[PDB]
Each structure stands twice: as C-alpha cells, then as structure tokens.
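Worksheet: the structure to be examined is printed underneath.
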Amino acid sequence: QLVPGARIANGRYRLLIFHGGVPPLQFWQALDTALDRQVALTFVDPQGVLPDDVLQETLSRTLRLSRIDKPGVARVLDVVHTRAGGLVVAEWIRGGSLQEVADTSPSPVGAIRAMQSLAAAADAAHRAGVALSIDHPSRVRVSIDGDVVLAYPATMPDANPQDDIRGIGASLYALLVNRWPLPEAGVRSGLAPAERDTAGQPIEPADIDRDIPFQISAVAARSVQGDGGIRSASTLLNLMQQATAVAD
Numbered sequence: 017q018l019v020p021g022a023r024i025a026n027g028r029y030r031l032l033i034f035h036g037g038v039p040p041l042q043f044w045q046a047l048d049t050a051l052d053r054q055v056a057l058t059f060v061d062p063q064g065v066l067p068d069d070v071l072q073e074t075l076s077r078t079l080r081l082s083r084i085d086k087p088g089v090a091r092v093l094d095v096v097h098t099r100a101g102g103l104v105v106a107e108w109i110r111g112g113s114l115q116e117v118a119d120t121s122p123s124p125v126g127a128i129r130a131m132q133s134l135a136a137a138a139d140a141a142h143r144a145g146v147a148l149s150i151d152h153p154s155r156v157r158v159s160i161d162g163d164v165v166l167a168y169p170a171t172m173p174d175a176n177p178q179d180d181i182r183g184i185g186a187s188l189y190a191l192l193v194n195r196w197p198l199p200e201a202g203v204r205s206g207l208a209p210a211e212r213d214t215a216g217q218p219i220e221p222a223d224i225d226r227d228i229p230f231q232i233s234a235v236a237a238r239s240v241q242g243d244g245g246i247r248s249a250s251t252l253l254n255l256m257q258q259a260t261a262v263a264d
C-alpha cells in the first residue's frame, strides 16, 4: 500500500510525495531514512501485474542507463525487489517537475537551452543501445542548475528511441506553451492537452504565441510529428543548439 509516510524496502525509504506515472510505474519522491538524503524511487511493478519474465527485461535495460554519466539522466543509486515488486532508486533532482515549470511561462530560449541536456542524455543512451522512455511528463524534472532530466528512470521493453525524440519534443512543447502534445495515459499529467489544428496535428508553439522564435517552435513541432521532421537525438541536439544560438 503506497502512500505518503509509508516506509519502504525494509523501511529504508519513507514515501514523501507522489509525482505520478505510467502504469505499472509509479514515480515517488522519498526520504532515505538510512542516510538522511532524498531520492527518486521508481516502483517498476508495484502490483506485480507484469510477467516476471518481462520485469527482468525492463530492469536490465534500465541498468544499462546507469552506465551513462550524463546530466540528462538522474544517477541510479540502487536497484532492489521489495514487498512491492521491482524498484529503482535514483538520485533526487533539486528543482521542480515538468508540470511545475511549464506552468511558470519560461523563456522560449531558456526552454530549448535547458532541454539540450535531455537530448544529450537520450543520444548517449541511444548510442549505448537503450531508450530513455520519455513517455509521460512526470518522468521529467528540471534542476536548479537549469537542466532537463529523466528524473525517474526505467526503460520499458516497448520503449524505443523514435519515441524518445517524439517525447522529448512534447517536453519542449510543454514548456513553451504549457500543454502535452501527446495523448497522455495515466496520472493526469497536470498538463492540459495541445490544441489540435483543423488536421488534428497539434498546433505549432509559435502559431500559438508569437514571442516564441521560429526555429524554437519549429524544432519542438517537427519532433512530436510522426512523419516526422527529425530522425536522431544526435541531429535534434544541434537543432536545439541552432535555434538557441540564433536567439543568443
């Protein structure tokens, strides 16, 4: 039974705050009662609803992400089986979620500037044969050092890179215009859905607000599109650097 105040993993972690998740996953912020440090717990499968075969695959792909010493990805501290199935324990990222920051109407330059860290991450992960699983606004947070970060790691097996880019776009989008360009699916993200044009395709961030520079809007848009505009975290990074440089 997972709720604030609950002690977890032989009571090492007192649950603090629930930050959402895509089932079967749960993103929690909790306290390391052993070290009086804070952490991001990701309960892989709390309801043990997964084929215990599968849960292995997830946990194994995820552990690969621990390799990566990027700023894009919150560092994985420990992995374990608890009363509540699989559980990833990564570092706590000081700052606020995606929701939280989207909601402060940030500079479209700052936005795409920050977001670079997370394409950096996602590219490295990719070059290393592993997706970030950018699937829900909740997964992401922004650090007081001005970095976008996969805060709750757990690469699912269905997870792929094409979708990491798509989802990374949705993250840029959501900062610029404060909306989720994707369907969502799980915890009400906190982010209100994107306005679908007469076509159904979400509406470009600049068409929605003229102070959002050309490229910066363009980047975010082509990203999400499944056509799609961009085909590598690699290039997508330089796109961000382009768009960003221009405003500079």
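Each residue of the sequence shown is one higher than the one before, counting from 17 in the deposited numbering. Where a beta carbon is used, it is the ideal one built from N, C-alpha and C, also for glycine.
Neighbour-count burial assignment, residue i, 16 or more Cβ in a 10 Å radius
i           : result
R155        : buried
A144        : exposed
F43         : buried
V146        : buried
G36         : buried
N26         : exposed
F59         : buried
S121        : exposed
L51         : exposed
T49         : exposed
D243        : exposed
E211        : exposed
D180        : buried
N254        : exposed
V104        : buried
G88         : buried
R226        : exposed
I150        : buried
residue 270 : No statement about residue 270 is possible, as the shown extent of the chain runs from 17 to 264 and does not include it.
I246        : buried
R195        : buried
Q45         : buried
Range covered by the beta strand (DSSP E) that runs through residue i
i    : result
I33  : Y29 to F34
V156 : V156 to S159
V165 : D163 to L166
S121 : Per DSSP, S121 belongs to no beta strand (DSSP E) and is neither H nor E.
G245 : Element bounds for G245: n/a, residue is neither H nor E.
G111 : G111 to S113
Bridge partner(s) assigned by DSSP for residue i
i    : result
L47  : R30 and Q54
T98  : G101
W196 : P209
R23  : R30
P218 : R212
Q42  : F59
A106 : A56 and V92
Boundaries of the alpha helix (DSSP H) in which residue i is found, first to last residue
i    : result
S133 : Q132 to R143
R182 : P177 to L192
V262 : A249 to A263
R238 : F230 to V240
The ligand PLP heavy atom lying under 6 Å from the CB of residue i
i   : result
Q42 : Because no ligand of any kind appears in the structure shown, any question about the ligand PLP cannot be addressed here.
### Message
My parser needs the beta strand (DSSP E) runs of 3 or more residues fully inside the segment 59 to 93; what are they?
### Response
none
### Query
Do the segment 224 to 241 and the segment 174 to 187 touch if we need at least three Cβ pairs shorter than 8 Å?
yes
### Query
Pairing CB atoms from the segment 93 to 106 with CB atoms from the segment 193 to 207, are three or more of them under 8 Å?
no
#### Entry: At least three beta-carbon pairs within less than 8 Å, the segment 153 to 170 to the segment 214 to 224
Contact between the segment 153 to 170 and the segment 214 to 224 is absent, because fewer than three Cβ pairs lie under 8 Å.
### Query
Does the segment 63 to 75 touch the segment 117 to 132, meaning 3 or more C-beta pairs lie closer than 8 Å?
no
### Message
Quick check: the segment 133 to 140 against the segment 105 to 121, are at least 3 beta-carbon pairs closer than 8 Å?
### Response
no
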